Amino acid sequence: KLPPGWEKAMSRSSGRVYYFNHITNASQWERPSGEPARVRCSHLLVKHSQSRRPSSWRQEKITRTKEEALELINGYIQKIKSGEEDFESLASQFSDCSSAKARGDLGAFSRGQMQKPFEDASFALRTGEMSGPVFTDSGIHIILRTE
């Protein structure tokens, strides 16, 4: 029916059908368009107090809750989708990953290298697609597949 991970859903507030991907947590009004040895991704990570290492170049001690991290992620996603902000700009400024210095770029990778939820979302994204919030032991990720 639909590409890997996609399902139809019903908007509570509008009643319009939309599409949701349960691997990437992407959601969109438009019917989804649709695996390689490698993908290239950028990401914006927001850590929280239960992250594997609650510390980053932005904050020596990361004290925000997972719920607070998710709200930050949601707000970055809204600004990226509205065009108010670019993914690369937000990642450079606010990602708790050191890859912030590279506009969030992680370079290219294969299956078996990244944390599994990150890997699964990365490989379910089409080139140029962005995920919704993806949870790993590092925190909450916005993933952009660039290659």
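Note that residue numbering begins at 1 and tracks the sequence as displayed.
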item	value
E35 preceded by how many uncoordinated deposited residues after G34	10 or more
50-58 set against 84-92, stretch whose average Cα temperature factor tops the other in the entry	50-58
Mean Cα B-factor comparison, 109-117 or 96-104, giving the higher one as deposited	109-117
Top residue by Cα temperature factor, when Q78, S122, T63, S42 are compared in the entry	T63
CA B-factor placement of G15, once the chain's modelled residues are sorted into thirds	highest
Position of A9 among the chain's modelled residues by C-alpha B-factor, lowest, middle or highest third	highest
